[PDB]
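Notes for the one structure printed next.
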Amino acid sequence: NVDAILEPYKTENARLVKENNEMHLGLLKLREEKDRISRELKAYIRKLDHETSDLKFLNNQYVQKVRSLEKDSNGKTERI
Amino acid sequence: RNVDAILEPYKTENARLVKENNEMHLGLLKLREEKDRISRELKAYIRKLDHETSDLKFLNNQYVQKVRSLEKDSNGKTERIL
């Protein structure tokens, strides 16, 4: 009789425990996806941030050469 | 009061599980939005760096063409001197 009184509460509890476990795992799955994504994209950003820095350095290297070659093309006109 | 004492743990635990499940159901929605926001923001910053790279690559070739142009003249002017 006690078992018949308790059965609805034991069934509901089992339903809620199943759901609680599923949601804990779901959150963990999702936080791992977010964590995996963020670290991948942030790494690819660092790779592109290096390429930009190299291209910016190389562009200044050409600016210094253009100023050097323009001085030479001016010295050669003084000689002419 | 003995039936009440037998069911009180399930009544309490069930109420605790419902509260937690509701909070985690919101937690999942909040988390999927955060993941989508993070992904959009980082993928956008990647595109911003992609354009800068393309502009720097185009500008670098523009300097390569000028260096070849200036080197030709700096060679033609030496020939004129001789």
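Each chain gets a letter, A, B and so on, in the order its sequence line appears, and its residues count up from 1.
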For A:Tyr9 and B:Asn14, the nearest pair of non-hydrogen atoms, with its separation, is O-ND2, 3.4 Å
What one should report as the nearest heavy-atom pair of A:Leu41 and B:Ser39 is CD1-O, 4.2 Å
Residue pairs meeting salt bridge (charged side-chain N to carboxylate O under 4.0 Å, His left out), one or both in residues 73-82 of chain B, sequence neighbours left out, come to B:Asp73-B:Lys77
Scan side-chain atoms only and decide if B:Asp55 and B:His51 contain a donor-acceptor pair under the 3.5 Å cut-off. no
Hits for side-chain hydrogen bond (donor to acceptor under 3.5 Å, both in side chains) against A:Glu12, two or more places apart or cross-chain, chain-then-number order -> A:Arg15
Hits for side-chain hydrogen bond (donor to acceptor under 3.5 Å, both in side chains) against A:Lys56, two or more places apart or cross-chain, chain-then-number order -> none
Sequence neighbours excluded, the answer for side-chain hydrogen bond (donor to acceptor under 3.5 Å, both in side chains) partners of B:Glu8 is none
For A:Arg31 and B:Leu31, the nearest pair of non-hydrogen atoms, with its separation, is NH2-CD1, 3.4 Å
Sequence neighbours excluded, the answer for side-chain hydrogen bond (donor to acceptor under 3.5 Å, both in side chains) partners of A:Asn59 is none
Contacts of A:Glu22 meeting side-chain contact (heavy atoms from CB on, under 4.5 Å) (sequence neighbours excluded), chain-then-number -> A:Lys18
* Assess whether atom CG of B:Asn2 is packed by more than 12 heavy atoms of other residues, nucleotides or ligands within 6.0 Å. => no
Treat each ILVMFWY residue as a node, draw an edge where side-chain heavy atoms are under 4.5 Å apart, and state whether A:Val63 and B:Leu56 are in one component. no
Mind running side-chain contact (heavy atoms from CB on, under 4.5 Å) on B:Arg68 and B:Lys72 for me, showing each step along the way? CA-CA 6 Å; B:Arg68 284 179 81 170; B:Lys72 182 184 174 180; over 6 Å; no
Can you see whether A:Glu19 engages A:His24 through a side-chain donor-acceptor pair at a distance of less than 3.5 angstrom? no
Quiz item: Can you tell me if A:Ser53 uses its side chain to pair, donor with acceptor, with the backbone of A:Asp49 under 3.5 Å?
Solution: no
Heavy-atom closest pair (A:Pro8 atom, A:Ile5 atom, distance to 0.1 Å) is CD-O, 3.3 Å
Query raised in the report: Taking a hydrophobic cluster as the set of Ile, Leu, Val, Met, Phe, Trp and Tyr residues connected by side-chain heavy atoms closer than 4.5 Å, whether directly or through intermediates, do B:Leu7 and A:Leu16 fall within one such cluster?
Result: no
Q) Got A:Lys65 and B:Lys66 here, is their nearest side-chain heavy-atom distance under 4.5 Å? A) no
| query | For B:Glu71, does its backbone N or O pair with a side-chain atom of B:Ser74 as donor and acceptor, under 3.5 Å? | reply | no
Are B:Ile46 and B:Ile38 connected into the same hydrophobic cluster when the rule is that any two of I, L, V, M, F, W, Y join if their side-chain heavy atoms are below 4.5 Å apart? yes
Check your understanding: Are any of the side-chain nitrogens in A:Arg36 or A:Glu40 under 4.0 Å away from the carboxylate oxygens of its partner?
Key -> yes
B:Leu70 and A:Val66 have their tightest heavy-atom pair at CD2-O, 4.0 Å
A:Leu48 and A:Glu51: CA distance, side-chain angles, deciding distance, side-chain contact (heavy atoms from CB on, under 4.5 Å) verdict:
CA-CA 5 Å; A:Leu48 299 178; A:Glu51 289 169 51; 3.8 Å; yes
Sub-4.5 Å side-chain heavy-atom contact between A:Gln61 and A:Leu58: yes
So NZ of B:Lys30 and CG of A:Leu27: to nearest 0.5 Å the spacing works out to 12.5 Å
